[PDB]
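Peer 1: The structure is given below, and queries will be raised subsequently.
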2 protein chains.
Amino acid sequence: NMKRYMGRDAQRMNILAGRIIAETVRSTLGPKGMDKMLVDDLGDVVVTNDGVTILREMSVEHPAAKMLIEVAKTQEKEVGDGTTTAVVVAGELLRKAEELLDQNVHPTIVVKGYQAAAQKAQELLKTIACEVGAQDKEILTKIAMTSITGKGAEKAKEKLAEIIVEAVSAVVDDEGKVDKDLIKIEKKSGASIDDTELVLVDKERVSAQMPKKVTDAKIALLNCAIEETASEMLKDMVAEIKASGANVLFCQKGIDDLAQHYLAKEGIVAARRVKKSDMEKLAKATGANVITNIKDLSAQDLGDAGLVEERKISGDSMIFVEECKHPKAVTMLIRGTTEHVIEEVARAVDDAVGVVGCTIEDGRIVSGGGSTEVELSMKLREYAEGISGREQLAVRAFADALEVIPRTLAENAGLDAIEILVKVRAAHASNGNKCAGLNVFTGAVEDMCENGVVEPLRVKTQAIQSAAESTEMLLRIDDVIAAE
Amino acid sequence: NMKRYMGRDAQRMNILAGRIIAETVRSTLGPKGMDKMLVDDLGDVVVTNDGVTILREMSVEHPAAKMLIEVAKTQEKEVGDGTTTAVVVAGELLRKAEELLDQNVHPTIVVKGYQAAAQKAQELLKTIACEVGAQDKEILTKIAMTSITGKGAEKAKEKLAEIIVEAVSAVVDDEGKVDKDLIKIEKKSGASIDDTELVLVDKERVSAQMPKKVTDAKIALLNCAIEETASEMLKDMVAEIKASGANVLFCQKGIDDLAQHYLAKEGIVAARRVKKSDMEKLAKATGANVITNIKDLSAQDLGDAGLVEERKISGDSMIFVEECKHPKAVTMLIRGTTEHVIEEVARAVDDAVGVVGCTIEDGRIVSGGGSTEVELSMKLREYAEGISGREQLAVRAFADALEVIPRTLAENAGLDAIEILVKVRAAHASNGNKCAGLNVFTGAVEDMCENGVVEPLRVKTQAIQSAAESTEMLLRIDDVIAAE
Ligand SMILES: Nc1ncnc2c1ncn2[C@@H]1O[C@H](COP(=O)(O)OP(=O)(O)OP(O)(O)=S)[C@@H](O)[C@H]1O
Ligand SMILES: Nc1ncnc2c1ncn2[C@@H]1O[C@H](COP(=O)(O)OP(=O)(O)OP(O)(O)=S)[C@@H](O)[C@H]1O
């Protein structure tokens, strides 16, 4: 009772389960990559190329397959971009492992070489990484351009990348990290995509008596109700909010009609029945605390916004909580034709903000298009030469597994994956180039540094470490116990 | 009509047929190699380790398998030793080929790299080959010792190798080739193996009147009968033999009683009804011509032997046709307990004569025990690095196939074939040793030059060229037509 596989039947069962879900997202990789349509139980339709969004919301039930959905989940959490690359590598590390397992090479000798090679791979990517001065805006534009590319070439327009860099360099708290929460994202309609210019609550003001737009507003987020009868029992409740010094008031519950007069009598603007999702947004953006008791409302529990304005944007009158000047907080009015386009243009900026923010924090970038994958592969095979024992073959299989990304890039491009794999490999020997990679549009092998195809070092370093540590643990299983 | 396989079903059918007969002789290789027992239709039993004798006399019927029995057949014809090694390599070249065929790499790109690598392998073995002065007898003893070893360590005794070298160095016709036919092989009984001292016709003299042993005898080989009635019609026939000047007469047919008196009257010794097999032996050893007419018997059709003597060796009185002094022809009295032992001690010398004769003619030897196989493998992988295109992978597969012999040597030894394959490979890098190989008795990797494990260059160069040319032709078949 109830389900168990023995030794060889357990090792092959776990390796096959990791490889089968890896091939599902193997075609999505590359500028000429494929998209996936997922239809669940509800009949809800969604089409996505992003590797992490596919694995999370689709029906997966195999025990070994569920463990590999933690690699991409910690890839989007730590980096964001490179969720597809982190899964495919892990699949190839299982393919090169079972080739050694059938030859009676012990799994512990395999895990001995796999860890030692991954320990060396991290201390080899450091040299081949180029240093990008934190405010070198011409390179930062290229890094942002490389991030928008991959989701679409038509999305990658010269003017869009210039806007993103200006926002990230402004929100840097000297010295000198980058907080991604400081940039506010707004999703509005209107014939745009190009009209995109450098929290939005779907509500109005509780009374027409209240004014419309402050400068340097203090926002009190109340979870508790400000309620009553007919005997001015709210004059205390209104004065308690005035005691803290908050001119803006976001209430999650209902505000009574008597309190509406008194809050407007002071000059304080209030909003009734704001969605619970929007209340959690306001607390983290402005730096506010959600208070569930009006008696204990403190002045240090209030958030700080730059510009609060009830604009009638796209017809609807909504509360524009953003804003600043010499600004530590920036708002991005991401706009497009249909809401489904807007959300995609919103997620495209999410990756573009991350890479520029990572470049400022680190300094660091590596050549994309399967360029640094070849350089690291040839440097680890010569590293394997100086290792005595059976653990050498594990390092050799680790290095031969690194050539999967440049191989799969040709698989989805149209060109032969066997011919180019030799052309780039020969163009890495001795010295040059280190930056030589495959350009899917041109066809021939080109220098990626001059093409503008660059990705942050964290995209490659995290993806290797997350895939290595996962495959090391998966090769340490010989018995599977699955009840029910 | 009648049998045909299409494309992929034809290529896999021919590769599998070559590999299946390669595994049959794969266990025979090495000092700790296995023997094979073959029972045919007649019920005749014979046990042999020699790779070429197995493939020739056993029941083989597959069309693709019969073509690979021409490699070892031309290995024993050209070299002698290394018939097993020539087949196993050809099998691995088919295994590494079908790995490329499943990846849609075209067979002509495979044959392009396989030929170019074999062309380089021949011009890389020339440097790693050591020059052995033709009369350097201390090394020639080691080469002879290495030849006797492989068939048996108990066969390999110090005194035996010293005897062989003296015979080969004497039969050298200056300057300066070695004729293997000049050394006569005799198979006699008696408690020996150690009593082996540095044509034998199973017949006597036709008349007791005839003498027994000449010096510098001229031998007339007659196929025609010297026959008669009762009216001295043989006085012409006897005088016609005397006209040529031959004191020794070997007759294949019957000699009549009247001619027996007249031949003995002259002093000419004759023998009646010598086996047809022995007549062909006498013609090639002494340098004689088989004449089928007594009227045309010429003096230039007579052979020349050193010593002809009717010894009563081992009880039986047989004609000892050998012999010399300052000798261009040498006789080896190979002796043992049972006739089946004698024949094996006779075949063990056959390999020992070849290698010493090849060393005098060439100069040349390479380290055995899978030593030069590793050196050539690492030198062709770096040679593959400087080749652009898909033909590189064919050279890589050609070089990776060379490590089969050192791998199979460990397979039959008892030690791990995965662990040692790394130990020797790492001990070949940069410079040293070139002569590093596996010693099956010691276990650890040792220098083969100091151990005395050396083989002629022709053993390795012929085996590669015979296996490469065969596998190149076999990869050029896509349709099989087999009628009946
Ligand atoms: N113009 C280009 N030429 C060649 N390679 C490129 C180019 N633009 C991007 N790349 C490479 O393509 C890969 C990115 O492909 P994507 O399909 O976006 O997958 P990912 O970034 O691994 O994961 P996502 O984006 O989170 S789904 C990286 O390895 C880039 O270096
Ligand atoms: N003492 C030794 N230590 C290591 N290798 C050895 C030793 N003696 C011989 N060898 C190697 O063993 C191989 C010879 O093995 P064998 O089984 O005799 O097969 P073969 O010579 O290929 O074919 P035969 O003799 O014609 S059957 C050669 O590659 C030798 O260099």
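Here's how to read the names in the structure tokens: chain A, B, ... by the order shown, residue numbers from 1 in each chain, ligand numbers from 1 in the order shown.
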Please check which protein, DNA or RNA residues sit within 6 Å of ligand 2, counting only C-alpha atoms and all ligand atoms, and write them as number ranges by chain.
Peer 2: B: 28-31, 50-51, 81-85, 146, 149-150, 368-370, 438-440, 453, 455
Peer 1: With N, CA, C and O atoms kept, could you save the residues just selected as an mmCIF file, in the first residue's frame?
Peer 2:
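Ended up saving to again_14.cif:
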```cif
data_model
loop_
_atom_site.group_PDB
_atom_site.id
_atom_site.type_symbol
_atom_site.label_atom_id
_atom_site.label_comp_id
_atom_site.auth_asym_id
_atom_site.auth_seq_id
_atom_site.Cartn_x
_atom_site.Cartn_y
_atom_site.Cartn_z
ATOM 1 N N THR B 28 37.140 -12.245 -26.672
ATOM 2 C CA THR B 28 38.386 -12.973 -26.920
ATOM 3 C C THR B 28 39.633 -12.100 -26.743
ATOM 4 O O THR B 28 40.730 -12.611 -26.505
ATOM 5 N N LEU B 29 39.448 -10.785 -26.860
ATOM 6 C CA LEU B 29 40.546 -9.818 -26.816
ATOM 7 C C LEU B 29 41.139 -9.674 -25.412
ATOM 8 O O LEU B 29 40.408 -9.628 -24.422
ATOM 9 N N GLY B 30 42.468 -9.609 -25.347
ATOM 10 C CA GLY B 30 43.183 -9.403 -24.086
ATOM 11 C C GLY B 30 43.830 -10.660 -23.528
ATOM 12 O O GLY B 30 43.393 -11.769 -23.842
ATOM 13 N N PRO B 31 44.879 -10.492 -22.695
ATOM 14 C CA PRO B 31 45.570 -11.605 -22.029
ATOM 15 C C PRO B 31 44.642 -12.442 -21.151
ATOM 16 O O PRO B 31 44.851 -13.649 -21.009
ATOM 17 N N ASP B 50 41.706 -17.247 -31.457
ATOM 18 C CA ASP B 50 42.010 -16.484 -32.670
ATOM 19 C C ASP B 50 40.743 -16.051 -33.407
ATOM 20 O O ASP B 50 39.934 -16.887 -33.813
ATOM 21 N N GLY B 51 40.592 -14.739 -33.576
ATOM 22 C CA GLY B 51 39.374 -14.138 -34.123
ATOM 23 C C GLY B 51 39.028 -14.489 -35.559
ATOM 24 O O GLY B 51 37.850 -14.545 -35.916
ATOM 25 N N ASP B 81 48.767 -11.107 -36.760
ATOM 26 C CA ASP B 81 48.276 -10.771 -35.425
ATOM 27 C C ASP B 81 47.486 -9.467 -35.452
ATOM 28 O O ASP B 81 47.872 -8.510 -36.127
ATOM 29 N N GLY B 82 46.381 -9.440 -34.712
ATOM 30 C CA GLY B 82 45.502 -8.275 -34.662
ATOM 31 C C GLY B 82 44.232 -8.463 -35.472
ATOM 32 O O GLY B 82 43.626 -7.489 -35.925
ATOM 33 N N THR B 83 43.835 -9.722 -35.653
ATOM 34 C CA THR B 83 42.616 -10.067 -36.390
ATOM 35 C C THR B 83 41.364 -9.765 -35.571
ATOM 36 O O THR B 83 40.317 -9.427 -36.127
ATOM 37 N N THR B 84 41.486 -9.893 -34.252
ATOM 38 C CA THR B 84 40.401 -9.592 -33.322
ATOM 39 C C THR B 84 40.165 -8.083 -33.232
ATOM 40 O O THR B 84 39.020 -7.625 -33.246
ATOM 41 N N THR B 85 41.258 -7.322 -33.152
ATOM 42 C CA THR B 85 41.208 -5.864 -33.015
ATOM 43 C C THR B 85 40.603 -5.168 -34.237
ATOM 44 O O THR B 85 39.955 -4.129 -34.102
ATOM 45 N N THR B 146 56.424 -10.390 -26.683
ATOM 46 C CA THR B 146 55.099 -9.769 -26.703
ATOM 47 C C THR B 146 54.144 -10.524 -27.636
ATOM 48 O O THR B 146 52.928 -10.510 -27.432
ATOM 49 N N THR B 149 53.217 -13.896 -25.784
ATOM 50 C CA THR B 149 52.235 -13.447 -24.795
ATOM 51 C C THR B 149 50.971 -13.000 -25.533
ATOM 52 O O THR B 149 51.048 -12.393 -26.604
ATOM 53 N N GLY B 150 49.813 -13.306 -24.956
ATOM 54 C CA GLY B 150 48.536 -13.092 -25.631
ATOM 55 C C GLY B 150 47.894 -14.426 -25.958
ATOM 56 O O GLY B 150 46.672 -14.576 -25.883
ATOM 57 N N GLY B 368 51.666 -1.535 -26.852
ATOM 58 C CA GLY B 368 50.441 -2.328 -26.792
ATOM 59 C C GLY B 368 49.663 -2.150 -25.500
ATOM 60 O O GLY B 368 49.980 -1.277 -24.690
ATOM 61 N N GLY B 369 48.642 -2.983 -25.317
ATOM 62 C CA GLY B 369 47.787 -2.929 -24.131
ATOM 63 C C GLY B 369 46.858 -1.730 -24.111
ATOM 64 O O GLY B 369 46.530 -1.210 -23.044
ATOM 65 N N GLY B 370 46.431 -1.299 -25.298
ATOM 66 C CA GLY B 370 45.552 -0.140 -25.446
ATOM 67 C C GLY B 370 46.224 1.163 -25.051
ATOM 68 O O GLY B 370 45.614 2.011 -24.397
ATOM 69 N N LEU B 438 47.221 0.059 -19.964
ATOM 70 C CA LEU B 438 46.686 -0.778 -18.895
ATOM 71 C C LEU B 438 47.357 -2.150 -18.852
ATOM 72 O O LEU B 438 47.388 -2.871 -19.853
ATOM 73 N N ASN B 439 47.898 -2.491 -17.686
ATOM 74 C CA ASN B 439 48.439 -3.821 -17.437
ATOM 75 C C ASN B 439 47.428 -4.641 -16.641
ATOM 76 O O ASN B 439 47.154 -4.345 -15.474
ATOM 77 N N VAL B 440 46.874 -5.664 -17.290
ATOM 78 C CA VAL B 440 45.762 -6.451 -16.737
ATOM 79 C C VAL B 440 46.124 -7.270 -15.493
ATOM 80 O O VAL B 440 45.255 -7.585 -14.677
ATOM 81 N N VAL B 453 55.662 -4.601 -23.337
ATOM 82 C CA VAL B 453 54.451 -4.815 -24.127
ATOM 83 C C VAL B 453 54.501 -3.925 -25.370
ATOM 84 O O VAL B 453 54.089 -2.761 -25.337
ATOM 85 N N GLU B 455 54.067 -3.834 -29.862
ATOM 86 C CA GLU B 455 53.600 -4.464 -31.092
ATOM 87 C C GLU B 455 54.012 -3.653 -32.316
ATOM 88 O O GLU B 455 54.136 -2.430 -32.246
#
```
Peer 1: Write down as a PyMOL selection string the residues of stretch 12-79 of chain A whose backbone DSSP state falls under helix (DSSP H, G or I).
Peer 2: chain A and resi 12-22+51-57+63-66+68-70+75-78
Peer 1: The selected residues should be written to file as a PDB file, in the first residue's frame (atoms: C-alpha atoms).
Peer 2:
```pdb
ATOM      1  CA  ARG A  12      13.514   6.223 -14.705  1.00  0.00           C
ATOM      2  CA  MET A  13       9.995   7.212 -13.575  1.00  0.00           C
ATOM      3  CA  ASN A  14      11.263  10.480 -12.053  1.00  0.00           C
ATOM      4  CA  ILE A  15      13.608  11.392 -14.935  1.00  0.00           C
ATOM      5  CA  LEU A  16      10.902  10.790 -17.576  1.00  0.00           C
ATOM      6  CA  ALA A  17       8.413  12.960 -15.645  1.00  0.00           C
ATOM      7  CA  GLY A  18      10.853  15.895 -15.564  1.00  0.00           C
ATOM      8  CA  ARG A  19      11.716  15.574 -19.259  1.00  0.00           C
ATOM      9  CA  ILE A  20       8.099  15.315 -20.475  1.00  0.00           C
ATOM     10  CA  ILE A  21       7.137  18.719 -19.007  1.00  0.00           C
ATOM     11  CA  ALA A  22      10.410  20.222 -20.275  1.00  0.00           C
ATOM     12  CA  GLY A  51       7.138  29.466 -19.426  1.00  0.00           C
ATOM     13  CA  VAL A  52       6.190  29.981 -15.770  1.00  0.00           C
ATOM     14  CA  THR A  53       2.530  30.935 -16.388  1.00  0.00           C
ATOM     15  CA  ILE A  54       1.945  27.703 -18.343  1.00  0.00           C
ATOM     16  CA  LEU A  55       3.260  25.312 -15.663  1.00  0.00           C
ATOM     17  CA  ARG A  56       1.369  26.957 -12.773  1.00  0.00           C
ATOM     18  CA  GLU A  57      -2.220  27.015 -14.071  1.00  0.00           C
ATOM     19  CA  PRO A  63       4.758  13.854  -8.019  1.00  0.00           C
ATOM     20  CA  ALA A  64       8.112  14.255  -9.824  1.00  0.00           C
ATOM     21  CA  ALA A  65       6.729  16.878 -12.229  1.00  0.00           C
ATOM     22  CA  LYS A  66       5.395  19.105  -9.416  1.00  0.00           C
ATOM     23  CA  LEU A  68      10.230  21.003 -11.178  1.00  0.00           C
ATOM     24  CA  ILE A  69       7.525  23.712 -11.108  1.00  0.00           C
ATOM     25  CA  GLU A  70       9.437  25.203  -8.150  1.00  0.00           C
ATOM     26  CA  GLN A  75      12.964  32.162 -11.276  1.00  0.00           C
ATOM     27  CA  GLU A  76      10.102  34.656 -11.694  1.00  0.00           C
ATOM     28  CA  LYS A  77      10.396  35.507  -7.982  1.00  0.00           C
ATOM     29  CA  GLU A  78      14.143  36.245  -8.062  1.00  0.00           C
TER      30      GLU A  78
END
```
Peer 1: Select, as a count of residues only, those residues of chain B with any atom no more than 12 Å from chain A (distances computed using only C-alpha atoms).
Peer 2: 38
Peer 1: So which bits of stretch 114-213 of chain A end up strand (DSSP E or B) when you DSSP the backbone, as a PyMOL selection string?
Peer 2: chain A and resi 130-131+172-173+177-178+183-188+197+200-201+213
Peer 1: Export C-alpha atoms of the chosen residues as a short mmCIF file (atom, residue, chain, number, x, y, z; two decimals), in the first residue's frame?
Peer 2:
```cif
data_model
loop_
_atom_site.label_atom_id
_atom_site.label_comp_id
_atom_site.auth_asym_id
_atom_site.auth_seq_id
_atom_site.Cartn_x
_atom_site.Cartn_y
_atom_site.Cartn_z
CA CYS A 130 30.64 42.81 -18.98
CA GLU A 131 30.50 45.70 -16.50
CA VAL A 172 17.29 54.81 -7.21
CA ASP A 173 17.68 55.53 -3.49
CA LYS A 177 19.67 49.88 -4.64
CA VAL A 178 16.58 49.78 -6.89
CA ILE A 183 7.22 52.46 -9.94
CA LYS A 184 3.43 52.52 -10.18
CA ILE A 185 1.72 50.69 -13.05
CA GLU A 186 -1.54 52.02 -14.49
CA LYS A 187 -3.73 50.14 -16.98
CA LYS A 188 -5.94 52.45 -19.04
CA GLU A 197 3.73 58.53 -21.40
CA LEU A 200 -5.80 53.65 -9.72
CA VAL A 201 -8.95 53.16 -7.63
CA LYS A 213 -6.58 67.22 -5.94
#
```
Peer 1: Between atom CA of residue A:241 and atom CA of residue A:284, what is the distance, to one decimal in Å?
Peer 2: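 These two atoms are separated by 20.3 Å.
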Peer 1: Near residue A:400, within 9 Å and counting only C-alpha atoms, which residues show up once chain neighbours fewer than 3 positions away are dropped, as a ChimeraX atom specification?
Peer 2: /A:96,377-378,381,395-397,403-404
Peer 1: Using the selection just defined, write its residues with N, CA, C and O atoms as a PDB file, in the first residue's frame.
Peer 2:
```
ATOM      1  N   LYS A  96      21.276  13.658 -19.787  1.00  0.00           N
ATOM      2  CA  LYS A  96      22.703  13.344 -19.725  1.00  0.00           C
ATOM      3  C   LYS A  96      23.060  12.519 -18.489  1.00  0.00           C
ATOM      4  O   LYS A  96      24.129  11.907 -18.430  1.00  0.00           O
ATOM      5  N   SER A 377      30.538  26.331 -21.905  1.00  0.00           N
ATOM      6  CA  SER A 377      30.593  24.905 -22.229  1.00  0.00           C
ATOM      7  C   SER A 377      32.008  24.435 -22.568  1.00  0.00           C
ATOM      8  O   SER A 377      32.425  23.356 -22.141  1.00  0.00           O
ATOM      9  N   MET A 378      32.736  25.246 -23.335  1.00  0.00           N
ATOM     10  CA  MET A 378      34.103  24.911 -23.738  1.00  0.00           C
ATOM     11  C   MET A 378      35.113  25.113 -22.606  1.00  0.00           C
ATOM     12  O   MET A 378      36.168  24.474 -22.588  1.00  0.00           O
ATOM     13  N   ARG A 381      34.705  21.913 -20.195  1.00  0.00           N
ATOM     14  CA  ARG A 381      35.236  20.673 -20.762  1.00  0.00           C
ATOM     15  C   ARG A 381      36.747  20.574 -20.573  1.00  0.00           C
ATOM     16  O   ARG A 381      37.278  19.486 -20.336  1.00  0.00           O
ATOM     17  N   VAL A 395      31.117  15.878 -15.062  1.00  0.00           N
ATOM     18  CA  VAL A 395      31.442  17.254 -15.453  1.00  0.00           C
ATOM     19  C   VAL A 395      31.357  17.401 -16.976  1.00  0.00           C
ATOM     20  O   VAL A 395      30.918  18.438 -17.481  1.00  0.00           O
ATOM     21  N   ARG A 396      31.773  16.356 -17.691  1.00  0.00           N
ATOM     22  CA  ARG A 396      31.681  16.316 -19.152  1.00  0.00           C
ATOM     23  C   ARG A 396      30.227  16.330 -19.621  1.00  0.00           C
ATOM     24  O   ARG A 396      29.890  17.014 -20.589  1.00  0.00           O
ATOM     25  N   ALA A 397      29.377  15.577 -18.925  1.00  0.00           N
ATOM     26  CA  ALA A 397      27.943  15.541 -19.208  1.00  0.00           C
ATOM     27  C   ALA A 397      27.253  16.839 -18.792  1.00  0.00           C
ATOM     28  O   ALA A 397      26.234  17.218 -19.372  1.00  0.00           O
ATOM     29  N   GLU A 403      24.945  23.019 -24.031  1.00  0.00           N
ATOM     30  CA  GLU A 403      24.758  23.325 -25.451  1.00  0.00           C
ATOM     31  C   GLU A 403      23.329  23.059 -25.937  1.00  0.00           C
ATOM     32  O   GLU A 403      23.078  23.017 -27.143  1.00  0.00           O
ATOM     33  N   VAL A 404      22.396  22.893 -24.999  1.00  0.00           N
ATOM     34  CA  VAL A 404      20.993  22.637 -25.333  1.00  0.00           C
ATOM     35  C   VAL A 404      20.250  23.914 -25.750  1.00  0.00           C
ATOM     36  O   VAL A 404      19.431  23.886 -26.669  1.00  0.00           O
TER      37      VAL A 404
END
```
Peer 1: Just the number, please: distance in Å from atom CA of residue A:189 to atom CA of residue A:338, one decimal.
Peer 2: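 These atoms are spaced 6.6 Å apart.
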Peer 1: Env of stretch 190-192 of chain B: 12 Å cut, atoms = only C-alpha atoms, seq-sep filter 3 positions within chain, self excluded. Answer as a ChimeraX atom specification.
Peer 2: /B:187,195-197,313-315,333-339,341-342,345
Peer 1: I'd like to know which of B:176, B:303, B:267, B:327 is closest to residue B:362, using only C-alpha atoms.
Peer 2: B:176
Peer 1: Using only C-alpha atoms and all ligand atoms, which residue out of A:170, A:71, A:225, A:88 lies closest to ligand 1?
Peer 2: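 Of the candidates, the smallest distance to ligand 1 is held by A:88.
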Peer 1: Excluding residue A:326 and residues on its chain fewer than 2 positions from it, collect all residues at most 10 Å away from it, counting only C-alpha atoms, and give them as a ChimeraX atom specification.
Peer 2: /A:170-171,324,328-330
Peer 1: Record the distance separating atom CA of residue A:463 and atom CA of residue A:87, expressed in Å with one decimal.
Peer 2: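 It comes out at 8.3 Å.
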Peer 1: Considering only C-alpha atoms and all ligand atoms, state which residue in the set A:138, A:373, A:411, A:256 is at the smallest distance from ligand 1.
Peer 2: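 That would be A:373, the residue with the smallest distance to ligand 1.
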